[PDB]
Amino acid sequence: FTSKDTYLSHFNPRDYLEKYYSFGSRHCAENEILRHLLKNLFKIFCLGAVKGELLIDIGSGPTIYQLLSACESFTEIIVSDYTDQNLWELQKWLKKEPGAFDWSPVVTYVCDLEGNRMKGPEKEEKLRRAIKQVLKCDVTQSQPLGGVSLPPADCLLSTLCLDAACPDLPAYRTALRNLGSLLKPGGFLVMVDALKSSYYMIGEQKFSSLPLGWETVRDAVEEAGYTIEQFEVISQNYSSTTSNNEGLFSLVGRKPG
């Protein structure tokens, strides 16, 4: 329902970050989902065979939480979003500008997950150096990155994006196919999204969401042309004032050879 143009005028990066990614004493349900996402991303990127040279994050928004473990496994990262103001928000953090969002408590939490073998600033410096380009993307487009000239990627990452960007299931499958064009044969697809979510709130701003159950997600990914290597259902809901999701999933898919 929510048109991509509504993002351009109505998506507020800072409101989004405070609601979802602040690690406060308030926003508990959001905090609990974030902890669970970070644990699953840690397992995916640090405990397995998900490694390579170039990772492309699709629909990054104004967030870097989804890259914190990934940068230990990929030395080159491209971040991308439909919304120019989300990109400025990432650029702020990338270049250590005043007004950049404070990721400190999330970085510390990831460093913990990873055995306190490094300090927060080392992790930040690594992630910053890894980010090779910040790009406009549109998942609905046959060439999602606008035909910017890139080598085939080793991994595509997409967190909490495709459900928001797709009005129905054929659109979802098409987005997955469009993304596939960026990925090398044998490459990895890593996705996180809400289950059975029809909306999410940013303050008073309501954004639509494609409500899918886990069986359907799995089928759609297989039908979009990938093989499923890992799949998890997360039993956590956002706040009643935030969303009507019934859990989330994380998955790892593979593009055929």
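Heads up: residue numbers just count along the shown sequence, starting at 1.
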Entry B factor averaged over C-alpha atoms, 231 to 239 against 15 to 23: higher for 15 to 23
Compare the mean C-alpha B-factor of 113 to 121 with that of 128 to 136 as given in the PDB entry, and name the stretch with the higher value. 113 to 121
Per the entry's Cα B factor values, which of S60, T216, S69, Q205 stands out as the maximum? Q205
For the C-alpha B-factor as written in the entry, point me to the maximum among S158, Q143, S80, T75. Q143
Could you place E53 in the lowest, middle or highest third of its chain by Cα temperature factor, using the values in the record? lowest
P152: CA temperature factor from the record, placed by chain third, in the lowest
If you rank every modelled residue in this chain by C-alpha B factor, which third holds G187: lowest, middle or highest? lowest
For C28, the third of its chain into which the C-alpha B factor falls: highest
Modelled-residue ranking by C-alpha temperature factor, third containing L37: lowest
